[PDB]
Number of protein chains: 4
Amino acid sequence: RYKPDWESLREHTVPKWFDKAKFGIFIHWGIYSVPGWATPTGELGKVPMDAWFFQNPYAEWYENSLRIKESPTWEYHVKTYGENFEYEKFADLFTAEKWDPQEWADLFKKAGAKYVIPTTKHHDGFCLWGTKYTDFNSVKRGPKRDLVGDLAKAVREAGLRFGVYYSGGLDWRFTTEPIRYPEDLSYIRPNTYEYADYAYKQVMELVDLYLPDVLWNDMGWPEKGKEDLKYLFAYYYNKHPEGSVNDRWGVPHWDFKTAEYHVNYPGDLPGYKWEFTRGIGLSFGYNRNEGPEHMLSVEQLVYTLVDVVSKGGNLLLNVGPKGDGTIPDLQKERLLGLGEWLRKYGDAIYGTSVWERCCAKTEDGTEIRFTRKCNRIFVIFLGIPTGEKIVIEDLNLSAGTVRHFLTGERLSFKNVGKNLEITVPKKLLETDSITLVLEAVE
Amino acid sequence: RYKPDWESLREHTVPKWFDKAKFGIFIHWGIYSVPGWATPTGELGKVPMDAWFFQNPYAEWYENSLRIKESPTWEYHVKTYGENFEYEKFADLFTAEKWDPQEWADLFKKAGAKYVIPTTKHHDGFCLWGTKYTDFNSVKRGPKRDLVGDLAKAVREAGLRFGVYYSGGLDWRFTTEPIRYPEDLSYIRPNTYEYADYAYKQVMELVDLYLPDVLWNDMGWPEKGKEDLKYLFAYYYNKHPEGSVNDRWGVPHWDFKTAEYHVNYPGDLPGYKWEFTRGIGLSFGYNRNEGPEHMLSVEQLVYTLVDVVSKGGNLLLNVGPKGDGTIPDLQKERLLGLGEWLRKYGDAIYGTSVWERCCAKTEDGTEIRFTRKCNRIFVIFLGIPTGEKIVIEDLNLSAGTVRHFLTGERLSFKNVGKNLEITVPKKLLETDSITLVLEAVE
Amino acid sequence: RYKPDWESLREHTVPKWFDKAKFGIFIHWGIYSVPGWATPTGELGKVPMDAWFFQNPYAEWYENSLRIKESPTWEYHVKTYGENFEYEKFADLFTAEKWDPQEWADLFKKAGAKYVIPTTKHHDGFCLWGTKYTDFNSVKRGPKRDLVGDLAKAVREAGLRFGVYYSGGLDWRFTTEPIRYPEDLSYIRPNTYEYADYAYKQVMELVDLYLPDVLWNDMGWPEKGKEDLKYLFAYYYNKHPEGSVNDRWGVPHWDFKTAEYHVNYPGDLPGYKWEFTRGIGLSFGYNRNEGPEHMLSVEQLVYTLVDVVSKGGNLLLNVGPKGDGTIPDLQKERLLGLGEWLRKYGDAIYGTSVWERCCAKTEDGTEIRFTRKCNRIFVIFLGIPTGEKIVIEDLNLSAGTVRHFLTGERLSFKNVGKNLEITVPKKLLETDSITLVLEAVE
Amino acid sequence: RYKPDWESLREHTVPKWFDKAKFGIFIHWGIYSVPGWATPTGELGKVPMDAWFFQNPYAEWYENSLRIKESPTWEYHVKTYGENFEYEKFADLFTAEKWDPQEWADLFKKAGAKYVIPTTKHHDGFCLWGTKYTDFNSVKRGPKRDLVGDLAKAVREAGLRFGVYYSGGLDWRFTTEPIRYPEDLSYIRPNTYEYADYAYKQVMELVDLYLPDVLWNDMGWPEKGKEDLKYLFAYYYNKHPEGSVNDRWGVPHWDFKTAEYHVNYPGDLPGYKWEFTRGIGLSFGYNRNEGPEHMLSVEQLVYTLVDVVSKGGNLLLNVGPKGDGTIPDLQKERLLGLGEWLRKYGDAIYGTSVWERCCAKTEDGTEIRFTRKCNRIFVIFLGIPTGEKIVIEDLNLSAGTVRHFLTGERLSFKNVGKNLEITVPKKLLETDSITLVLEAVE
Ligand SMILES: CC(=O)NC[C@H]1N[C@@H](C)[C@@H](O)[C@@H](O)[C@@H]1O
Ligand SMILES: CC(=O)NC[C@H]1N[C@@H](C)[C@@H](O)[C@@H](O)[C@@H]1O
Ligand SMILES: CC(=O)NC[C@H]1N[C@@H](C)[C@@H](O)[C@@H](O)[C@@H]1O
Ligand SMILES: CC(=O)NC[C@H]1N[C@@H](C)[C@@H](O)[C@@H](O)[C@@H]1O
């Protein structure tokens, strides 16, 4: 038994399955999916924060944007729906008419994901399960259905892990003024004891109804309720020792840390487990305004995954479904490309560990990443080099044998001074898909 | 006026009437009284705590037991009521069809009790008064009646003090998981600010409606509400200076401490006022599974009372009535035996004080207890010795006169070394009921 | 054992010996006894606090008054000792050349006192024992003798209980500014962590070196050190269960409360143990400026002790010795006359308890006080009535036998309406000393 | 950098080197080594705590036992050294005249230890380095040498990791009363702000002077100083990321947990890093009263290390040197036999990981332990089976090749039901030392 106290909770570390899975699908789906609109400004971390909330690229932030009169969202909303059309009205238009949880789960498995995490309640406070603490939920309005539970049954039947996302730090059903600048976040929150109970009661409810594999909180936890987390974490781990929690609660305990777009992204091995998340585009919620120019290409997806895993992280790729429950083609296609790549190269990803260094580069500038499986070291090039002569800067090996990963063909190499030289027969080079991958054995 | 602060509340000590009363009746009555069932495993303090909650002898813990699938209670419940029969359904079958508060009060007075304390809300959260904070109460469900108030009017008319018991530390209407081990108690509680208000509002309600003589809390008080107790105690004492509170709140203040079965039972004079409680059997709530083999015999009751009073305590004997409001015969009979004994010997009990030592024994092993009334010392044998020659080990007296209590007959004695010898004419010995009692005067 | 927490410390209550002792001697002696000077302005509680610190009648406040320039003390010091004579210089004049502790203990025993409490350190911070935590003490300076130790031995030898007074709240060795108004006390204090450790250590030292029967703190305890008291009190009681503690610490626990001159004086029975304290004159420290007109007369002292005792308290009468270790004649005379009355009527004071009411008055206004001893009720007249017929207003008796206390002579009485009438033969009235004492027996 | 807050410090986890090291030497050496005496009553966890401090088998508790008069230690001290010989006087006898640190480091390296942790200050408060915060240290008294420093250099020279033990929780230089029951520990502690600064400063000093690989605190950290730990740990890790900290601080952070004799010993895999600690006999300090009957045999030591290691821990074996700086022969002999077994089987211990289960047993009860190295699984018998046919209960294998570890000889096996059967030729069995070791490869 874990006791409700931080020294005791410390005993729980990130479970094996989370560390070994290296890819998960995040799903931001909610009534905001109906208007599905946002100005695709840029990535978090590179857009100046004095403009960010005013031209918010995160479509799930639609209601906050709508509350800022004279903001692209406002003008858009009025022109499209009218002024006499409140944001909550979207809960009624959120009908998930074409939703099929099993087709969703099939897709995530084909994409190579090993876990899934849907938003059970986002900042707008709309709940996707039949909670007994609010009527603003999917059983009573719109879909007339328990979205979280139905998706959980499907995910689990497809053999994948199931976690839940909850916006504990923000709930627009409890505030009126929108966030215009980062500083507003320090005082524009529910703030009441009522809200702290509520968040607690709702996460306890999700633990009792679905016993999620991951508790993914966002935006910190209500100051008044932080001490509650000792009990909730103890309660959770005693029912599910293989469960886990992220680092956005703002308390002493967490099993893995998180980075979002440019924010808190590590340039090298961090020394603790973490997970990277971002959308396929610039939004988490569906944005009908995004074109492929705003999205990662399958190749960049592969590169992102590789960089992440070589640094000890997991990638939590987000998909943003439509109000009718379908996944936009641009996203579905990218997911499949990635799934294809993972089918060929997955053995140098899943179940791997970090090596001594995560990164390297060739004399010509192609970047490289490493992953380990005992005595096996995988060398992953972010691209496929043209010349059969490959020079890796600042690297030597006491291996003795280096194979071309996909064919298994023994290759010739030698440490030439501070570098390492390997010859890769263009026949092999041409067999690789987005990344040249070699396996070295020490 | 007492101010709402511990240094000030300290000014209030256990009132005279509580110290002088030495016997009270506890009443655990609730919807759990309907199924009235528990495996009579043994006494608290002697049953291993890794099995205790799984074969709980406390029938009022029926709902907790029911929540542990595959527990005797579960198997029993399913076989008798069925799976589709929730615990709350018992509030509707709790009809107190044959209840007569005055007959209850008559009985407690005949038994020699000077105060009474019914459970107003037990761990299952069902309330026995028409509280305005919950519908799960006896006015709205089952008895369709204010049980607490009606019993209070009857007790008070019979001339006895009236207190109330409240389960502040536990409320199963606010949790889902049952207690399986002692450690669970540290995190499986309401935990919310809502619950802390609720407990406060409900005890304030009982103070305003019935101004009880004793506030008997159980299982500690919600951490979030501890500071509230400064105000509630001040409020209470300023309306009733002769009121009192027990020690199960977990705050700096209390008027008297408590011991339950083997738990915290003193082996000698403690040095502060306390009260002992236990059932006539092994349960507090009615257990149709208990036979006389599980209950104290009138003689053991008398002994328990005597040991307790000689150590400065009060005995709070519990009776567990049936769903129809009647008191099982096995319990009624024991109560009357005790009442009979108190009629003869009461003057060496009520209004007494502890002496220099509480205990002694005869050369043959019969145990003895002392009580005082100024210059009068009562000597109470836990049994009636056969020989007319009685030898008390490790005791001397500078009295000069020793009388046989019931007849008042001057007896012959002398301090023989480290012992004391008294001759008790078998005519007298044979006049005593369960205890030989002598009175010495210094 | 007692634990270091308020809930557990609550268990300790005022010891029997303190309760039964009814009189103790307070001794304020220190380097302030050398100048031994103050403006005897009036009693505490009757002098407006806007003038108090400027015309302070407490001679032990000399250093504080000295720091307020243009203060009678200031003018007096400069003409007597000079501007360049620092207060601290008095430790070198404090020689106690004529001190004889056994003579003191003897006088206190003859005076009827059952315990003694000397100032071990007063507000000026000079310590009367060889503490290891400051050189400003009596073993290193002045007397070069452990006054506390020598006195503790002598009091004990005389068979008297010994306690210690400590100034936890003020220590002028840690401040520079004087106290000019009550408000100043809110911020002119040591304030440091260092001082809170210092006071804890010094009291621990007194407990270790002398295991006092009473820990009598004054002026509150440093806020930073308040939590330490749980630890200090548990330590103390664990070494000396029959030890006791007063109420001037500013924390939840205490064994008895205190009243000083008019400050906090009960008009009636309080409901808890307390003690009244005052000088024989208007100061605690020796004041050469006080004459008989500033002191209580033997008669007023007896009256005082009776009033207090009848209200459930102990009288802690103060003596203020000279710098040489002698006790001024005026003080001695009053102690001896009080001891003489206590030799006659001790039995109606020592070991008594409060009755139903503390007070009454005769038809022509002679005040009456009551005390108890089981069934014996003492009736103390604050003075001796001249007529033989005596009418006590608002008092009835259900005794049957009223005696004259000194002779035992049975007297004639009858309840006449809401009063009680009694005949006391002048030959008896003529035998009493300052109080007519009757003894009723119900 | 790590920040001074628990959320950030969580990032630091037990370093790789500690995890891989599997054995370390603890050294309890101090002025208590001079009397070097204790009643070897039994193992911690098996001696009732009502007698423990009165018959303490931990010789380094000598000062505490000495303060309990009429204690075997007390009687022994008075007949040997005399009533007037204060404990502190041992610092003058503590001369370490025959000490040779390189000889110690050498013995620890031969014994198979990969790290060393000496007592820098034990409960008696005497410091084995020239601290600037107390004169009661080894540079000023006794040896007049920096023992910690000299030992740190020697251990490092021998290629071993060096950590420090510090008694944060107890320091008998700040108390006067002994510990007689566990409960006493709740209040007999330094308690001051001064001591909390002292302990922080002393540990900061150890970090500054020696940058230890392990900070091993004992007995909790002063409550007043707990917040300081955030600052101290951030400081430490920022200077030495590969440094580590144990779990005896009473705060949220720690890198590895600890078990002592029976206290906190896991019956199975724990799920976190931990370390078992014990003396070779029943004491940590040298005890002249212990003979071979109180010590572990080489065989039991090997068994111990294997059990621990298979459960994921490190064994921290204690040595207790004499006052002269020599290590008793009995101790030395056991260290050398253990080093001899480690020279043979080191490869199945060092740098291993836990397997699926830690344990198993043969059909006739020989206990079995498992450890791992990638695909290689070590099978360690706690003893050498006499027959050649060996039956492991409840174990199946999916390897295909099991070898004899010392020879490499491939052996014959088959899964027979819920068991595994194997033939080990006696010529092989005859080559093993205390343990039969098999190596399976799946
Ligand atoms: C860095 C941060 O606090 N982000 C909050 C952000 N998290 C994303 C995964 C989305 O759910 C956004 O809606 C949310 O504001
Ligand atoms: C020792 C303790 O905390 N007991 C709680 C216990 N008190 C009894 C008098 C009954 O009311 C039980 O139902 C309750 O759990
Ligand atoms: C009411 C109060 O706080 N009095 C403090 C007062 N106590 C007396 C016994 C003397 O020691 C004075 O010097 C002290 O200031
Ligand atoms: C379980 C515990 O708190 N043990 C304290 C104990 N630790 C040992 C390694 C020795 O240093 C003992 O002296 C110390 O009291």
# chains A, B, ... in the order shown; residues from 1 in each chain; ligands from 1
$ interface_residues --of "chain A" --to "chain B" --cutoff "12 Å" --atoms "only C-alpha atoms" --output "NGL selection string"
:A and (1-5 or 192-201 or 204-205 or 207-209 or 224-239)
$ residues_near_ligand --ligand "ligand 3" --cutoff "8 Å" --atoms "only C-alpha atoms and all ligand atoms" --output "PyMOL selection string"
chain C and resi 28+58+60-61+119+122-123+167+218-219+248+259-260+263+277-278+284-285
$ residues_around --residues "residue 139 in chain C" --least-positions-apart "5" --cutoff "10 Å" --atoms "only C-alpha atoms" --output "list in words"
residues 127, 128, 129, 130, 131, 144, 145, 146 and 147 of chain C
$ residues_around --residues "range 18-23 of chain C" --least-positions-apart "4" --cutoff "8 Å" --atoms "only C-alpha atoms" --output "short mmCIF file (atom, residue, chain, number, x, y, z; two decimals) with N, CA, C and O atoms, in the first residue's frame"
data_model
loop_
_atom_site.label_atom_id
_atom_site.label_comp_id
_atom_site.auth_asym_id
_atom_site.auth_seq_id
_atom_site.Cartn_x
_atom_site.Cartn_y
_atom_site.Cartn_z
N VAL C 14 -3.90 20.15 36.97
CA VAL C 14 -3.31 20.73 38.16
C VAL C 14 -3.17 19.68 39.27
O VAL C 14 -4.15 19.06 39.69
N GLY C 112 2.94 30.40 57.04
CA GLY C 112 1.83 29.60 56.54
C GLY C 112 1.91 29.22 55.05
O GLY C 112 0.99 28.59 54.53
N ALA C 113 2.99 29.56 54.34
CA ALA C 113 3.12 29.27 52.94
C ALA C 113 3.49 27.83 52.72
O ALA C 113 4.24 27.24 53.50
N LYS C 114 2.98 27.24 51.64
CA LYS C 114 3.27 25.85 51.39
C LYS C 114 4.20 25.67 50.18
O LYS C 114 4.62 24.54 49.84
N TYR C 115 4.49 26.78 49.50
CA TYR C 115 5.38 26.76 48.34
C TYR C 115 5.96 28.16 48.09
O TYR C 115 5.41 29.18 48.57
N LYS C 273 -8.96 26.06 38.16
CA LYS C 273 -7.96 26.47 39.11
C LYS C 273 -7.20 27.75 38.64
O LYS C 273 -6.85 27.93 37.44
N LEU C 305 -6.83 36.44 51.35
CA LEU C 305 -6.65 35.03 51.23
C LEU C 305 -7.95 34.29 51.31
O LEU C 305 -8.18 33.35 50.58
N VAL C 309 -9.47 32.00 48.24
CA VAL C 309 -9.58 30.60 48.55
C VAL C 309 -10.99 30.14 48.43
O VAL C 309 -11.23 28.97 48.05
N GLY C 313 -9.11 29.72 44.45
CA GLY C 313 -7.75 29.97 44.06
C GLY C 313 -6.73 29.79 45.15
O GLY C 313 -7.09 29.37 46.29
N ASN C 314 -5.45 30.03 44.79
CA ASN C 314 -4.33 30.05 45.75
C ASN C 314 -3.89 31.50 45.72
O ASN C 314 -4.03 32.17 44.69
N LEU C 315 -3.39 31.99 46.84
CA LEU C 315 -2.88 33.35 46.91
C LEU C 315 -1.36 33.26 46.77
O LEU C 315 -0.70 32.54 47.54
N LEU C 316 -0.79 33.95 45.78
CA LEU C 316 0.67 33.92 45.62
C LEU C 316 1.19 35.27 46.08
O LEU C 316 1.36 36.16 45.30
N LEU C 317 1.40 35.42 47.38
CA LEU C 317 1.86 36.70 47.99
C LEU C 317 3.33 37.00 47.73
O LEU C 317 4.18 36.15 47.98
N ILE C 349 -8.94 26.53 55.77
CA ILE C 349 -8.33 27.02 54.55
C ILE C 349 -7.62 25.92 53.74
O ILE C 349 -8.05 25.55 52.63
N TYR C 350 -6.52 25.41 54.30
CA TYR C 350 -5.76 24.34 53.69
C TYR C 350 -6.66 23.20 53.28
O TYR C 350 -7.62 22.89 54.00
N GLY C 351 -6.35 22.56 52.14
CA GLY C 351 -7.08 21.39 51.70
C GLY C 351 -8.57 21.51 51.59
O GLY C 351 -9.26 20.48 51.54
N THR C 352 -9.10 22.72 51.55
CA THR C 352 -10.56 22.91 51.37
C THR C 352 -10.95 22.96 49.88
O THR C 352 -10.07 23.00 49.02
#
$ residues_around --residues "residue 294 in chain A" --least-positions-apart "2" --cutoff "12 Å" --atoms "only C-alpha atoms" --output "PyMOL selection string"
chain A and resi 39-43+57+279-283+287-292+296-297+330-331
